[PDB]
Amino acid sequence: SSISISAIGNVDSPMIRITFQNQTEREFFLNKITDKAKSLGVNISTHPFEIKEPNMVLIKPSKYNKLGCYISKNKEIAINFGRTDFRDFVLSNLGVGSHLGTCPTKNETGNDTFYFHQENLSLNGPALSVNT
């Protein structure tokens, strides 16, 4: 059930690459997040998650498409998830501990977003292994 997570692309169009061990693991995750997003009124019908072969889910770039990956003002890999509960759900189900980044809570600014600490994930840098 181990998962690899990398940040990929360029500064204008950064993405997250999530690699699963097999297609069944990927499908299991996708079913979970689609059901959760629907329950929270978060529209993920075409953005930001996209499947790629083999065994991958990409988180596409945020645009102005508010959801998705962007480079923060502090040069951090950030992901906007629209709603706090959706962010928390996706991170938990990926095995990404909140300690790996800035993860504002409740009513704090950026409560819908996760910001990877620079020392943990960088653009086109090595992958992180989680859920091991």
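All residue numbers refer to positions in the sequence shown, first residue = 1.
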### Between 81-89 and 68-76 (mean CA B-factor, as deposited), the higher
68-76
### Query
Got a sec? Mean C-alpha B-factor, which is higher, 104-112 or 13-21?
104-112
### Message
Lowest, middle or highest third: which one holds residue 129 when the chain's residues are ordered by CA B-factor from the entry?
### Response
middle
### Where the record places residue 99 (Cα B-factor, split into thirds across the chain)
highest
### Query
Which third of the chain holds residue 32 when residues are ordered by C-alpha B factor: lowest, middle or highest?
middle
### Task
Would you mind ranking residue 58 by its C-alpha B-factor against the rest of the chain and naming the third, lowest, middle or highest?
lowest
### Query
Sorting the chain's CA B-factors, does residue 2 end up in the lowest, middle or highest third?
highest
